[PDB]
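All remarks here apply to the structure that follows.
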Amino acid sequence: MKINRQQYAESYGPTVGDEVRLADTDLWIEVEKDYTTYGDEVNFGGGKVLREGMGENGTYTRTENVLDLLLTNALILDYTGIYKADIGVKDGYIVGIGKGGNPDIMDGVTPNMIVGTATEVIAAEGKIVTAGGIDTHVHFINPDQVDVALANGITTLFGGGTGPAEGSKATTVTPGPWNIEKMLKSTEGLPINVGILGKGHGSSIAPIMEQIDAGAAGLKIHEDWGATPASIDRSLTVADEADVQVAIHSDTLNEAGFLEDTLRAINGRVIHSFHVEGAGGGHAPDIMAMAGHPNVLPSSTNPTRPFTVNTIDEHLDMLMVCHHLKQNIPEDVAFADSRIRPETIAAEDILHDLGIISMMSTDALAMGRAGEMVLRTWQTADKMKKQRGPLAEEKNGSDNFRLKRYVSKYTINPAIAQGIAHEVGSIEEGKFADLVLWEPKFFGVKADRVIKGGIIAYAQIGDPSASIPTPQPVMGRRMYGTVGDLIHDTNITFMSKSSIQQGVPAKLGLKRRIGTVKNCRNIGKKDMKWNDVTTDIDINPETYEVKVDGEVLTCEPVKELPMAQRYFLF
Amino acid sequence: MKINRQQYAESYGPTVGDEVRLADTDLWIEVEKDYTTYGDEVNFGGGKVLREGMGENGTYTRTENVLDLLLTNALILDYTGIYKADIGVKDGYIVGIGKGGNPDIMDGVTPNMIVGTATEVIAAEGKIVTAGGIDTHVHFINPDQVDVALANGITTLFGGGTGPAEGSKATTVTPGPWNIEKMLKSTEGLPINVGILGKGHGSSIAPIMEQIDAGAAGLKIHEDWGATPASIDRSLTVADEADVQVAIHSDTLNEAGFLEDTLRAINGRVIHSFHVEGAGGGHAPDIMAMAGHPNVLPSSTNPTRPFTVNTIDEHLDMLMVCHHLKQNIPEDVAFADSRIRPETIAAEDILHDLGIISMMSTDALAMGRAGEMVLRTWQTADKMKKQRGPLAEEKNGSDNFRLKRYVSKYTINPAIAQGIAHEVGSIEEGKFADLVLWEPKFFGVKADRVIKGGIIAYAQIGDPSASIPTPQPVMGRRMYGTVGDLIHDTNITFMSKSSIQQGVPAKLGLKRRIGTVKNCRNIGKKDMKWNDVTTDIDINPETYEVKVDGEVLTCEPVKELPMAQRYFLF
Amino acid sequence: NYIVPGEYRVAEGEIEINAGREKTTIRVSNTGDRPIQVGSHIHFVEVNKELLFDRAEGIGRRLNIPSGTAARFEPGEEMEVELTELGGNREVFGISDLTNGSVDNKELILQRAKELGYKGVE
Amino acid sequence: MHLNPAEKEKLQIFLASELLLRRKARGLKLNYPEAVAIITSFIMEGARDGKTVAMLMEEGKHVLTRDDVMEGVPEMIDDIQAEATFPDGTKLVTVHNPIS
Amino acid sequence: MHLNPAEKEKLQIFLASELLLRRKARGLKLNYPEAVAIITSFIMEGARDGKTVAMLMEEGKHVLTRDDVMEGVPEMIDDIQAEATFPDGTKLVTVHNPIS
Amino acid sequence: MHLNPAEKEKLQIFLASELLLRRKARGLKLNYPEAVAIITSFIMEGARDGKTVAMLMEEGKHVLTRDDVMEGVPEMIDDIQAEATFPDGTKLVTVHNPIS
Ligand code: NI
Ligand code: NI
Ligand code: NI
Ligand code: NI
């Protein structure tokens, strides 16, 4: 007996060779392989396969290879591939990717993916599943920003702040042992993974280091606290000792140095360069040249992404507003003009496409949008396909190479840079079960269900008073994973090794899962998945034109984007 | 080099001699002194002073005189003065008022106010900063009332109730050990300081006293539970032994006695007289005569504040509604007419202005408005300036004397009366860092940021999904200080010494900071800051006219108030 | 009597900044091809290498401009600025690591500056 | 805007009133929540106009008549209470037996 | 619908704007929150229409004049900021000194 | 009023519908959330009028046509579901393929 492919895809989601459009973009992903056995697909419901004696094993206890949760028929979009599989979860971790069911009666069942009495089922047929997004440029300014992030598929927030204090409104910094302790306690009630960055500023080691010992997971150097050669140097010394990452927003004003001076201070050590294009901040006009070096892990923030017709007008004015610049002060005008450059913003689109900028991030509530990292990543990939065409590396008319390059920018690459990729950042066995289900029509725009440590934390769902969950109004809502003490087991507070060794969690009464920051100092650009390119980036000091391999990187701004007015009420 | 004063005030907030209008009132406050050194003002941002090596010290660890938080350039409005200073916070307490920065390079830096690596910055230039309001007449009826209070700058709620039970809807009482224990546990999730009053009723000591031992912070005598000579007497005996305050809503009906009988029962002991004017309750018609005695700490509740054209019509009807009075029962009509008196309400405006009523309070949800204590205090001060003119004590055309008299009514004086002024109630070194920032245009109306124990708990802030925090909608929101376990460190549960000594917090698993109620029995009217006047108040039994020093206290009701329709959407 | 809510009525006069401190005028040129903007409170001798001035005259000093403002030097721009004396303990740490102690150690600051190529030593 | 908690809440009264007025306009007898919403919003809007408390106590009794509402609704509504910002600050209006 | 947090919040701006427009229509001088609400909603609705950021920066300064609002309101509003979804995605508009 | 959780929530559907209807009236092709909001509110308002479930299943398919909405919106909406209080209590209406 045979089933035609249209009907197969409707029933079980797509299989090998089938393509799926990402939202209303022109991007198509193709199923590269399928771990199923045709005829023995897992599914749940009345008269379906996952019933006792049948696709559900009725013999084995939970410890004997049985799953807590099976996501059936997922279309996985990950740096590791674009493919069809069941995903098995146990103890809050992904334990199996393959084929779940009952080996009593089914062929090809992955040994540790038995559906048994202990197994919950989530139907992922017809859904795309990705890792939770990892946003490493978060200002903790307003707790309402968390749901904003969850609703666009973000599951980890790395950054700093204490609320709407000026220091936090400008910089991702939680300064000193006490503020760090306070925010670690606050984090107990935030339904998302968190890591906190201390102030990467000082001329002695101890004031910087004591933040790491207090529980910071990294450091931020920001020009507003003095991004000087000394602060850069002491931060990187502390980071090399503590095994945490340092992020930098460099000296835009070129006050104590130019880019080359900052690079001299870094002295070959590993550093995460924030908003590398420079609209978000950094040595004017040539900060983006950072992205060519092997010791730099470069990220963009999202407001420049991608280059559109409103971008410049919006940013020039945004900058006048947030910096309290005056139109009547010519040095204010010059400063804005040296910082917001169409030449570098256009080039930034292309550098992403070429795998030279490795990461995206938000800059949430400081100069970026908490719920648009994922959104704007795909809008950029889509613009680049339109303007530059399918990449040379593409195969069956699919955009799989570009999709892996771009999905890596907000999942695995930020995790690697931050030293947390042993826990999060991809759909791989042995990692924490932070998973995002998307209807393809809403892909990158509005997440369907967000799973955190194996329990749904957030979902687009309807009327709680209704006979069924689909009646209006369908909106993003916090789910049982966020309620009571379950928020403790479904989320990770990432902390430094030294703070963990000195017993900070017990000292502060933290009940959340504690994740260890590690392996941050031994990496480089070469470790950024699909985005590992090093090259000489020249930025012309007079024209701001960006050159790579002798050629000017420019493109046009677009009047219209997908994943915009078709989807959003405002 | 010199800067003109308009430009100086725009950059750093006002300095000595400059005046600022309070919202849209006709009240002006004048800067009395400034702790800065001109040229070395602290400020934070790109190219600004608080950068490493410069205004931020890069040498010292947190314990070596470095602050957790610096509020820069605050215009302080407090009973201690109206002046310009930086405010330094550490371990949740105000540790320094003066001049913060780096003594490496700056003159005049207060020794314990070093901005270092551990320091967060809040820019208060152009803001007025006050202590958090202390509301000592709160009915705990609806938990939504807390945000209402925070949004008008209240940070401590003293009173009683168990929710919308009739006892609580009428009286600020949490009756008995069990209800008190329950509400102490509830308080663990309320983002505001709290103290709980037991029932000040009984004819034996033990039933009253066991409430104090259970964790009550004071007692309320209310006529609805029988404000008899016996209940008054036993409550004050318990209070003298326990070192807690007693509040009284006296016997309006004159059933067991007149005012003089209640005073005989009090017998020279210290007592807090609630809604002393009497619309809120008390011996008709002469309760307000309480406010002349040296052993009485007198407060108003807010609905009579100030006397307006709608006040009487509103109150007569409010009273008919809440007391279930019938228009067809002439004793109901007589009772209302004996209780709502224009003669005493008009006099109450003047007594506030003369420093004879020392305190304001809300009477939240029983006969008063949770979010309008601060608002109506300034509306009263403004009405009095219009009708009575600048006070004799005023100087440079400023209203500084009146402003200190009135700010004292909702900050320091309620704290003193309640025995909690060692922790809260003013901006002084060694006190808990409960601070309210106000834009002058919104002063008394809508608080900008509310700081509780050194972390922002509530703020008027905008779209959480935006690039920056200022886009609409700007509304009051709970901030990180209220989230997770941080709510425990940023708030105080005030309790009796005996309950603390008997280990009640540990018994109940309370994690909040525990504050000790003390020094309540040894004070009088003379201890009320700027509102310490004792005098013979005569209230005419036939006309209700109020006389002080031979003269009738009357004024007219006003048709219009400031801090009203210019500001509020409803 | 038009009411502007929250308005100032500032007193008369002017505010003199950095009163009673020695002031010094020097010429400074941006020899680089990118803009340099210098804040009010950076130890002036530790500014960007490519600013050419008499470095010795930047020691123990900062710009005499209102707290929190900056002087801007476009590429190739040469102009005069006025400096004032650092106060407090007159010590500087970090920044460009040229001082790391008393500003009185002029010879030591200048030798470090010269070795690292900060323009205008001598 | 600087909306406080009450302002956010009272917007929902205005919204329910508009819903109810649309329902009355297409010929429906109003139910209990709709009737309450209409009269409440009228009061708050009256305060915004600068009417007195006494004026609104009178006017509130003639906003809806028994023919505007379903059987039993007049008897379900003993009174309607609302607070709003008058020119002289926040005041409480109670309209007694609004639909007679 | 799949409303996200911002969409839910911004509905309340539209609602406050409709309230305010009703108030202007019966002859009231608008207050601070009302003025803000009107101009904000105009901007968001302008983005929905496909106007540019530069267009809305201009238009936003002529939505209300000082005769539309109470004494002091023009001076209370230094600027109004709103984000909405333009054809090319979310952008921030700031209208400076909207009522002159 | 005695609003329960569902009543508070469904007010926001009515609000989004009014927003969307204003947008249609100035000539805009409606997007996905707007289309959903309009049809949903129509159903709930139909229940309030006393129409049957079967009536609303029919009517709901003619509220908007493909020329009222953006490219792809008809295909994004497989069905719209709403519960409201009919004369005989709460019932669920599903409108299948409402825009064809
Ligand atoms: Ni930055
Ligand atoms: Ni940032
Ligand atoms: Ni009372
Ligand atoms: Ni009371």
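Just remember, in the structure tokens the first chain shown is A, the second B, etc., residues are 1-based per chain, and ligands are 1-based in the order shown.
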Within 10 Å of ligand 1, counting only C-alpha atoms and all ligand atoms, residues as a ChimeraX atom specification: /A:137,139,170-172,220-224,247-250,252,273-276,278-282,301,363,366-368
Saved selection, atoms kept: C-alpha atoms, as a PDB file, in the first residue's frame:
```pdb
ATOM      1  CA  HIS A 137      22.902  41.033  24.814  1.00  0.00           C
ATOM      2  CA  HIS A 139      19.505  44.592  29.457  1.00  0.00           C
ATOM      3  CA  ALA A 170      22.825  51.935  29.002  1.00  0.00           C
ATOM      4  CA  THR A 171      24.848  48.800  29.736  1.00  0.00           C
ATOM      5  CA  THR A 172      24.352  45.058  30.288  1.00  0.00           C
ATOM      6  CA  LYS A 220      30.737  43.525  29.986  1.00  0.00           C
ATOM      7  CA  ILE A 221      33.130  46.286  28.951  1.00  0.00           C
ATOM      8  CA  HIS A 222      31.057  49.335  27.953  1.00  0.00           C
ATOM      9  CA  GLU A 223      32.334  52.756  26.928  1.00  0.00           C
ATOM     10  CA  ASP A 224      29.851  54.431  29.334  1.00  0.00           C
ATOM     11  CA  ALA A 247      31.659  41.212  25.924  1.00  0.00           C
ATOM     12  CA  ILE A 248      32.780  44.604  24.666  1.00  0.00           C
ATOM     13  CA  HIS A 249      31.058  47.792  23.567  1.00  0.00           C
ATOM     14  CA  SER A 250      34.197  49.716  22.620  1.00  0.00           C
ATOM     15  CA  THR A 252      33.079  55.048  20.058  1.00  0.00           C
ATOM     16  CA  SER A 273      32.283  41.925  20.226  1.00  0.00           C
ATOM     17  CA  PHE A 274      28.728  43.277  20.643  1.00  0.00           C
ATOM     18  CA  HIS A 275      26.857  45.144  17.865  1.00  0.00           C
ATOM     19  CA  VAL A 276      29.972  44.775  15.765  1.00  0.00           C
ATOM     20  CA  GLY A 278      28.707  49.871  15.396  1.00  0.00           C
ATOM     21  CA  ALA A 279      25.301  51.588  15.293  1.00  0.00           C
ATOM     22  CA  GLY A 280      24.821  50.051  18.748  1.00  0.00           C
ATOM     23  CA  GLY A 281      28.217  51.453  19.721  1.00  0.00           C
ATOM     24  CA  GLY A 282      31.935  51.181  19.096  1.00  0.00           C
ATOM     25  CA  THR A 301      22.150  43.514  17.692  1.00  0.00           C
ATOM     26  CA  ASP A 363      20.158  44.676  22.866  1.00  0.00           C
ATOM     27  CA  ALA A 366      18.726  49.701  25.359  1.00  0.00           C
ATOM     28  CA  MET A 367      18.905  49.799  21.547  1.00  0.00           C
ATOM     29  CA  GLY A 368      17.150  46.656  20.419  1.00  0.00           C
TER      30      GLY A 368
END
```
Residue set, segment 253-400 of chain A restricted to alpha helix (DSSP H), as a ChimeraX atom specification: /A:259-266,311-322,330-339,342-353,373-388,400
Write the residues you've just listed into a file as a PDB file, in the first residue's frame, and include C-alpha atoms for each of them.
```
ATOM      1  CA  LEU A 259      40.305  50.255  17.093  1.00  0.00           C
ATOM      2  CA  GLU A 260      43.961  49.186  16.839  1.00  0.00           C
ATOM      3  CA  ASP A 261      44.539  50.377  20.427  1.00  0.00           C
ATOM      4  CA  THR A 262      41.608  48.298  21.671  1.00  0.00           C
ATOM      5  CA  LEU A 263      42.954  45.284  19.755  1.00  0.00           C
ATOM      6  CA  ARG A 264      46.385  45.856  21.375  1.00  0.00           C
ATOM      7  CA  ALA A 265      44.691  45.816  24.807  1.00  0.00           C
ATOM      8  CA  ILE A 266      42.864  42.577  23.941  1.00  0.00           C
ATOM      9  CA  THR A 311      16.425  52.242   9.121  1.00  0.00           C
ATOM     10  CA  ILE A 312      18.628  55.350   8.914  1.00  0.00           C
ATOM     11  CA  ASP A 313      15.919  57.943   9.655  1.00  0.00           C
ATOM     12  CA  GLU A 314      14.822  55.800  12.585  1.00  0.00           C
ATOM     13  CA  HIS A 315      18.317  55.266  13.994  1.00  0.00           C
ATOM     14  CA  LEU A 316      19.595  58.846  13.593  1.00  0.00           C
ATOM     15  CA  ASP A 317      16.622  60.040  15.561  1.00  0.00           C
ATOM     16  CA  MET A 318      16.695  57.143  18.058  1.00  0.00           C
ATOM     17  CA  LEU A 319      20.275  58.120  18.799  1.00  0.00           C
ATOM     18  CA  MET A 320      19.411  61.825  19.249  1.00  0.00           C
ATOM     19  CA  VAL A 321      16.682  60.775  21.694  1.00  0.00           C
ATOM     20  CA  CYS A 322      18.511  58.195  23.827  1.00  0.00           C
ATOM     21  CA  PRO A 330      27.205  70.606  15.683  1.00  0.00           C
ATOM     22  CA  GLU A 331      29.455  68.107  17.556  1.00  0.00           C
ATOM     23  CA  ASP A 332      26.279  66.166  18.499  1.00  0.00           C
ATOM     24  CA  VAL A 333      25.247  66.096  14.827  1.00  0.00           C
ATOM     25  CA  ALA A 334      28.780  65.028  13.741  1.00  0.00           C
ATOM     26  CA  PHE A 335      28.805  62.293  16.404  1.00  0.00           C
ATOM     27  CA  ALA A 336      25.468  60.884  15.176  1.00  0.00           C
ATOM     28  CA  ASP A 337      26.631  61.030  11.534  1.00  0.00           C
ATOM     29  CA  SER A 338      29.863  59.214  12.391  1.00  0.00           C
ATOM     30  CA  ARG A 339      27.864  56.473  14.210  1.00  0.00           C
ATOM     31  CA  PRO A 342      24.279  53.286   5.652  1.00  0.00           C
ATOM     32  CA  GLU A 343      27.629  52.051   4.315  1.00  0.00           C
ATOM     33  CA  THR A 344      28.340  49.797   7.311  1.00  0.00           C
ATOM     34  CA  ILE A 345      24.696  48.765   7.886  1.00  0.00           C
ATOM     35  CA  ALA A 346      24.382  47.575   4.271  1.00  0.00           C
ATOM     36  CA  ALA A 347      27.705  45.738   4.630  1.00  0.00           C
ATOM     37  CA  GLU A 348      26.470  44.090   7.847  1.00  0.00           C
ATOM     38  CA  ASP A 349      23.673  42.314   5.875  1.00  0.00           C
ATOM     39  CA  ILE A 350      26.319  40.843   3.580  1.00  0.00           C
ATOM     40  CA  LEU A 351      28.785  39.914   6.330  1.00  0.00           C
ATOM     41  CA  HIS A 352      26.025  37.855   7.963  1.00  0.00           C
ATOM     42  CA  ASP A 353      25.380  36.099   4.704  1.00  0.00           C
ATOM     43  CA  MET A 373      16.165  38.476  17.395  1.00  0.00           C
ATOM     44  CA  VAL A 374      14.754  35.402  15.676  1.00  0.00           C
ATOM     45  CA  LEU A 375      12.394  37.449  13.500  1.00  0.00           C
ATOM     46  CA  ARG A 376      15.094  39.729  12.104  1.00  0.00           C
ATOM     47  CA  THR A 377      17.557  36.884  11.528  1.00  0.00           C
ATOM     48  CA  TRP A 378      15.176  35.334   9.012  1.00  0.00           C
ATOM     49  CA  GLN A 379      14.218  38.681   7.511  1.00  0.00           C
ATOM     50  CA  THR A 380      17.947  39.194   6.829  1.00  0.00           C
ATOM     51  CA  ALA A 381      18.396  35.708   5.311  1.00  0.00           C
ATOM     52  CA  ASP A 382      15.389  36.406   3.110  1.00  0.00           C
ATOM     53  CA  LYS A 383      16.689  39.800   1.944  1.00  0.00           C
ATOM     54  CA  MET A 384      20.050  38.268   1.080  1.00  0.00           C
ATOM     55  CA  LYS A 385      18.462  35.476  -0.979  1.00  0.00           C
ATOM     56  CA  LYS A 386      16.532  38.147  -2.948  1.00  0.00           C
ATOM     57  CA  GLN A 387      19.554  40.389  -3.519  1.00  0.00           C
ATOM     58  CA  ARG A 388      22.486  37.934  -3.731  1.00  0.00           C
ATOM     59  CA  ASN A 400      19.269  24.581   3.657  1.00  0.00           C
TER      60      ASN A 400
END
```
For segment 105-131 of chain B against segment 44-59 of chain B, with a cut-off of 7 Å and counting only C-alpha atoms, what is the closest atom pair and its distance in Å to one decimal for every residue that makes the cut, ordered by chain and number, as a Markdown table?
```
| residue | atom | partner | partner_atom | distance |
| --- | --- | --- | --- | --- |
| B:105 | CA | B:54 | CA | 6.8 |
| B:114 | CA | B:57 | CA | 6.9 |
| B:115 | CA | B:56 | CA | 4.9 |
| B:116 | CA | B:57 | CA | 4.8 |
| B:117 | CA | B:58 | CA | 6.4 |
```
Just to be explicit: take each residue in the selection above, keep N, CA, C and O atoms, and write the result as a compact mmCIF listing (two decimals), in the first residue's frame.
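Written file, out-v6.txt:
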```txt
# COMPACT_ATOMS: atom_id res chain seq x y z
N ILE B 105 40.76 62.04 41.90
CA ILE B 105 40.80 63.21 41.04
C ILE B 105 39.78 64.29 41.33
O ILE B 105 39.81 65.34 40.70
N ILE B 114 32.29 56.46 47.38
CA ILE B 114 33.12 56.22 46.21
C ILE B 114 32.32 55.42 45.20
O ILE B 114 31.72 54.39 45.54
N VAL B 115 32.28 55.92 43.98
CA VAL B 115 31.79 55.17 42.85
C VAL B 115 32.89 54.24 42.39
O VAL B 115 33.96 54.68 41.99
N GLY B 116 32.64 52.95 42.47
CA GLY B 116 33.62 51.96 42.09
C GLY B 116 33.02 50.95 41.15
O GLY B 116 31.95 51.17 40.60
N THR B 117 33.71 49.84 40.96
CA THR B 117 33.24 48.76 40.09
C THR B 117 31.85 48.23 40.54
O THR B 117 31.02 47.90 39.72
```
Contacts of segment 76-92 of chain F within 10 Å, only C-alpha atoms, excl. fewer than 5 positions in-chain, as a PyMOL selection string: (chain A and resi 441-442+462-463+465-474) or (chain E and resi 1) or (chain F and resi 6-7+10+32-33+35-37+39-53+57+60-61+71+97-100)
State, in Å with one decimal place, the distance from atom CA of residue 226 of chain A to atom CA of residue 203 of chain A. 11.0 Å
Quick check, in Å to one decimal: how far apart do atom CA of residue 570 of chain A and atom CA of residue 58 of chain E lie?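 That distance, rounded to one decimal, is 20.3 Å.
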